[PDB]
Structures are given as structure tokens and as C-alpha cells.
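Asker: Got a structure for you, questions after.
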Amino acid sequence: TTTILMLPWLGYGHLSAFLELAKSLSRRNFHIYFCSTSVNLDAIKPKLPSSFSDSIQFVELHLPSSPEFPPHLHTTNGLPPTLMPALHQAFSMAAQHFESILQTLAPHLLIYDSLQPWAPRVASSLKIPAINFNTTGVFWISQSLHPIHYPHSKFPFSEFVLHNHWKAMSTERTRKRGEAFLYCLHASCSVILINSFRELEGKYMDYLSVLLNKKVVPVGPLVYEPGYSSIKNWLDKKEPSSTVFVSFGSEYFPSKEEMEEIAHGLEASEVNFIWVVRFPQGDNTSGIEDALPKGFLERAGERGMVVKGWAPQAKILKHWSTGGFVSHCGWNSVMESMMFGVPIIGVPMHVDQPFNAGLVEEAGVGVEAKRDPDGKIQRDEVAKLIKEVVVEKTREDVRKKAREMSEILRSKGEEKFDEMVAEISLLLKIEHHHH
Ligand SMILES: O=c1ccn([C@@H]2O[C@H](COP(=O)(O)OP(=O)(O)O)[C@@H](O)[C@H]2O)c(=O)[nH]1
Numbered sequence: 009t010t011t012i013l014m015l016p017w018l019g020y021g022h023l024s025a026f027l028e029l030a031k032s033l034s035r036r037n038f039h040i041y042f043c044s045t046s047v048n049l050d051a052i053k054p055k056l057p058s059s060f061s062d063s064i065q066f067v068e069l070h071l072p073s074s075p076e077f078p079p080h081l082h083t084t085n086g087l088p089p090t091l092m093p094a095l096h097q098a099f100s101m102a103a104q105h106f107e108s109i110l111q112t113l114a115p116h117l118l119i120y121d122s123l124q125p126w127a128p129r130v131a132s133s134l135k136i137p138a139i140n141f142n143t144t145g146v147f148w149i150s151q152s153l154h155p156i157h158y159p160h161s162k163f164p165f166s167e168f169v170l171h172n173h174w175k176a177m185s186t187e188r189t190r191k192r193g194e195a196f197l198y199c200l201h202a203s204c205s206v207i208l209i210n211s212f213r214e215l216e217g218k219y220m221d222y223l224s225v226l227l228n229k230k231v232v233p234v235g236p237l238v239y240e241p249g250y251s252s253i254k255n256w257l258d259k260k261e262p263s264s265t266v267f268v269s270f271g272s273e274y275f276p277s278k279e280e281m282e283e284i285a286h287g288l289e290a291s292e293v294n295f296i297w298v299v300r301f302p303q304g305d306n307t308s309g310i311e312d313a314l315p316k317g318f319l320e321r322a323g324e325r326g327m328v329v330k331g332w333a334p335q336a337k338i339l340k341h342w343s344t345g346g347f348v349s350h351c352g353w354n355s356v357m358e359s360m361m362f363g364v365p366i367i368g369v370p371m372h373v374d375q376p377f378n379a380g381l382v383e384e385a386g387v388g389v390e391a392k393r394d395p396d397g398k399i400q401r402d403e404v405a406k407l408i409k410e411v412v413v414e415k416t417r418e419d420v421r422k423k424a425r426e427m428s429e430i431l432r433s434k435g436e437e438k439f440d441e442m443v444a445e446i447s448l449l450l451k452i453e454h455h456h457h
């Protein structure tokens with residue numbers, strides 16, 4: 009009877025976190041309208057068990073479409089990076105359709121992502137309470153917000169240093192992007208929901224709450240648990263905790279030079295590895311052999327397996343043969359790895375990833391391969407950390423911390439959603455009176 013419409017950003021990681029949050033709300037007797045573009049809805053539907061179909065319904069949001077930018081491209085999943093400005097612009101142009109959806113479905117609440125300032129504005133115009141749900145962690149946000157208030161002060165609560173490669177990478188344009196992101200958090204009604212847990216980020220959540228003067232409510236970690251037959255057969259031939267899964271997420275394509283450093287690091291380590299290699303949608307002129315160093319797979323032999331396009335990440339991470347994760351440190355991948363007790367070898371690429379890698383290093387559940395002074399990935403770093411964490415297991419402290427973190431995360435049940443449910447109930451009761 010109480011209805012919530014959820015509007016994630018058009019990225020697969022965002023959709024996935026929103027879907028897990030929808031399931032938690034469905035278990036609390038809420039009816040959910042899950043709204044996204046058709047290509048995103050098609051990608052996420054196989055991850056919703058049929059038992060949830062009655063409670064969780066998918067609603068198609070239409071973006072402007074053209075032969076140059078057709079609906080199969082209305083996602084960041086595999087999108088050429090140069091189309092990201094168009095995708096953001098097209099999403100802002102879906103506001104009129106979103107208003108029509110809200111008028112037709114009249115949901116009691118809207119949960120929106122941090123990439124859409126228009127969404128709380130449409131909701132306010134229709135007198136629908138709106139709450140911001142952030143699918144990422146809080147460490148990077150608190151780090152980004154701290155210099156605004158304290159320009160001459162070190163970030164407290166952490167010894168993390170951002171490498172110059174990221175510190176270096185239109186000024187007015189960057190400021191506007193940050194203002195739009197912060198507005199989504201600031202505009203939220205009463206509370207901000209965050210995909211995080213206090214044991215990992217409690218101090219940072221509290222600091223963010225003070226800076227924004229807004230209550231921050233953790234609802235994490237939100238981890239989904241479900249070509250695998252072939253992969254499992256190969257993993258079954260390996261020793262326990264001997265293989266590393268290599269993945270850079272659904273939105274990033276490493277350059278040839280980056281792939282060269284990763285490949286040589288894997289080769290030098292002598293580890294078993296499963297590596298997902300992807301090419302942007304529309305690129306039928308590119309191939310695995312082209313993107314990888316000459317003879318690398320032939321040298322690896324039985325030790326190496328390359329998976330084209332997409333892999334069952336959760337199932338691989340849960341396999342007894344998996345001992346490490348070479349990851350770009352996307353938040354969903356970090357949370358999954360922590361839940362499954364797999365140590366992370368960090369190869370962050372951009373946006374929040376460097377911060378996530380630093381948090382993983384600070385927790386002690388993983389290690390970060392450092393970039394060189396010119397900002398390049400180093401094959402020697404990758405080889406050294408794989409050798410220490412998976413092949414020789416000289417870093418027993420990291421393996422122990424990863425197991426302890428997994429034990430903590432596995433111990434949490436539906437109680438983690440109690441604070442969000444109580445805040446939703448209070449907000450709806452207050453708004454009921456006002457309108
Ligand atoms: O081959 C792949 C690559 C990624 N994922 C899933 O894609 C999501 C990636 O989210 P993340 O936040 O880690 O990074 P992003 O793709 O947003 O950069 C995670 O749930 C991964 O488990 C997967 O299932 N198979």
C-alpha cells in the first residue's frame with residue numbers, strides 16, 4: 009500500500025545497488041516502482057528473483073533517441089567515454105517524461121541518485137517527498153567536501169594521500192558538476208541514504224553529516240548474491263585460494279599501455295587468473311589478441327583465462343579457488359569482495375576509485391598497487407602484490423583481516439535497514455499532515 013518509486017543513475021553499478029535496496033524495502037511491505045531506461049531494465053531484470061515481481065515493478069523512462077544515439081546506448085554500461093556528455097544531457101531531458109510517470113503512478117516517496125538534480129525538483133513540484141540514495145561510499149565525498157570548508161587544514165580521521173596523478177586531474188565546469196552532485200545530497204528530505212557500514216566508514220559518515228548539516232543513514236553493504251559452467255570447470259582444476267579475478271567494472275576500458283602493465287604483472291606473478299576484457303559498444307574492429315601483449319596468453323597457458331565482455335563476478339569471487347581480486351575498486355566490487363572475504367589488489371582508475379583503494383588499504387582487507395611518479399600502473403607492483411597476497415601468502419595479516427571483515431558483514435541481517443524504514447515512516451507521517 010505504501011509505494012516508492014526508485015530512480016537510479018543509468019550505470020549498472022547504480023542500478024545494482026538500487027535493486028538490492030528495492031528488495032530490502034519489498035521485504036518491509038513497500039511496493040516499488042523501479043524506473044530506468046529499457047536497456048538498463050533488461051540488464052538488471054535477471055537479478056530480480058521472480059518472488060519479488062508482484063512487489064517490485066519495472067517502469068520504462070524514455071530518453072531522447074536518434075539513429076546516432078539509439079536506446080541500446082542509454083546506459084554507461086560499455087558506453088564509449090566520449091558519449092558520456094550526451095548521456096548526461098539526454099537524462100536531464102527525460103525530466104518531462106519522469107514528471108508524467110510520477111503524476112500517473114502517484115508514489116508516496118521517490119528515492120533518487122546523486123546524478124539527477126532535476127529529480128527532487130520534479131518530486132517537490134508534485135508534493136512527493138524525495139530521499140537521495142548514494143550507491144557509492146562516503147570517504148571520497150567527505151574528502152572532496154572537506155577542502156571547501158577547511159582549505160588550509162589536513163583531512164582529519166585519515167592518513168590517506170591522493171597520488172598527484174589524480175590531484176592533477185574548465186574550472187567553472189568542474190565546480191558546477193560538484194555543485195549539482197552536492198545539491199542532490201543537500202536537497203534530500205531529512206536524511207541521505209548511503210551504501211556503506213559504520214565498521215568501515217563510521218567516522219567519515221559522521222564528518223559528512225556535520226559538514227552537510229544532514230542526517231546520513233547507512234543501508235550497506237548491498238551485495239547481490241545469485249557462462250559460469252565453463253569457468254567453474256576451469257576453477258575446479260586449480261588449488262584453493264590460488265586464482266585472481268581481474269575486472270575494471272562496466273564503465274571503464276583500460277588503455278593498451280595499462281593492459282600491458284597488468285598483463286606483465288600477472289605473468290611475472292605466476293598466478294592463476296580469470297580476466298574480463300571488454301570493448302565499447304559498436305567496436306567490432308577490436309579483439310582480445312589485439313588488446314593484450316603478443317604471446318601473453320600462450321605464455322600463461324593453463325594459468326590464464328580471458329573472458330570476453332562480461333563474467334559472473336559474484337560466483338567467481340565465491341569460488342574456493344579464488345584467493346585475490348585485481349579490481350579497479352568500484353564500490354560495488356569492493357563491497358562484494360569484502361562480503362566474500364576475497365583480498366583486493368587495488369588498480370584504481372578514476373573518480374571515487376583511488377579513495378576506495380585507500381580505504382581498502384586503511385582497513386587492512388586489501389592492498390593498493392601504487393602508480394609511478396608519472397602516473398602509470400607498474401607491472402612490478404602488480405606482480406609483487408599478487409605474489410605476496412595470493413601466490414606466497416606472505417601477507418597473512420591481510421588474509422586474516424579480509425576473513426574477519428567477511429564474518430562481520432555476514433553477521434548482519436534485516437536490522438541494517440531499520441533506521442531507513444523509521445526515517446521513511448516519520449517523513450511520510452509529517453508530509454501527510456502538511457498536505
Ligand atoms: O564482468 C563483470 C564486471 C562487473 N560486474 C558487476 O558489475 C558491478 C560493477 O559495479 P562497480 O561499482 O564495482 O563498478 P562500475 O562498473 O560502476 O565502475 C558489480 O556489481 C560487479 O559485480 C559483473 O557482474 N561482471
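In the deposited numbering, the protein residues as written are 9 to 177, 185 to 241, 249 to 457.
Ideal Cβ placement from N, Cα and C applies to all residues, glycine included.
Check whether the Cβ of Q303 sits closer than 7 Å to any heavy atom of ligand 1, and report yes or no.
Answerer: No, since every heavy atom of ligand 1 falls outside the 7 Å radius drawn around the Cβ of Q303.
Asker: Is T11 helix, strand or coil by DSSP?
Answerer: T11 falls in the strand class under three-state DSSP.
Asker: Span of the alpha helix (DSSP H) holding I399?
Answerer: First-last for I399: undefined, no H or E at that position.
Asker: For the region 95–133, which segments carrying the alpha helix (DSSP H) assignment without a break, of at least 4 residues, lie completely within its bounds, in sequence order?
Answerer: Taking only runs of at least 4 residues, the alpha helix (DSSP H) segments lying wholly in the region 95–133 are 103–113, 126–133.
Asker: Taking a contact to mean a Cβ-Cβ separation below 8 Å, would you say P302 touches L49 in this structure?
Answerer: No.
Asker: Roughly how many whole angstroms lie between the Cα atoms of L117 and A313?
Answerer: One C-alpha to the other measures close to 46 Å.
Asker: Where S205 and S277 are concerned, what is the direct C-alpha to C-alpha distance, given to the nearest angstrom?
Answerer: Cα-Cα distance, rounded: 43 Å.
Asker: For the candidate residues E107, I64, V47, whose alpha-carbon lies nearest to that of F26?
Answerer: The candidate whose alpha carbon is nearest that of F26 is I64.
Asker: Quick one, are the C-beta atoms of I284 and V404 less than 8 Å apart?
Answerer: Cβ distance < 8 Å, so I284 and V404 count as in contact.
Asker: What number of angstroms, rounded off, separates the C-alpha of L170 from the C-alpha of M14?
Answerer: C-alpha separation (whole angstroms): 34 Å.
Asker: Beta strand (DSSP E) containing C43: first to last residue?
Answerer: Per DSSP, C43 belongs to the beta strand (DSSP E) from 39–44.
Asker: Round the Cβ separation of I139 and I119 to the nearest angstrom and send it over; I've been treating them as touching at under 8 Å.
Answerer: Sure, about 5 Å apart at Cβ, within 8 Å.
Asker: Rounded to the nearest angstrom, what separates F318 and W174 at their Cα positions?
Answerer: Looking at the two C-alpha atoms, the distance is approximately 30 Å.
Asker: CB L431 to CB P236, shorter than 8 Å?
Answerer: It is a contact, given that the beta carbons lie within the stated cut-off.
Asker: State the start and end residues of the unbroken alpha helix (DSSP H) segment that holds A195.
Answerer: Looking at the DSSP string, the run of the alpha helix (DSSP H) that includes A195 is 186–201.
Asker: How big is the Cα-Cα spacing for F42 and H286?
Answerer: Computed Cα separation, rounded: 43 Å.
Asker: Answer with buried or exposed for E358, where buried requires no fewer than 16 other C-beta atoms within 10 angstroms of its C-beta.
Answerer: Counting Cβ neighbours within 10 Å, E358 comes out buried, since at least 16 surround it.
Asker: For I52, which of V299, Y20, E187, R35 has the nearest alpha-carbon?
Answerer: Considering only alpha carbons, the answer is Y20.
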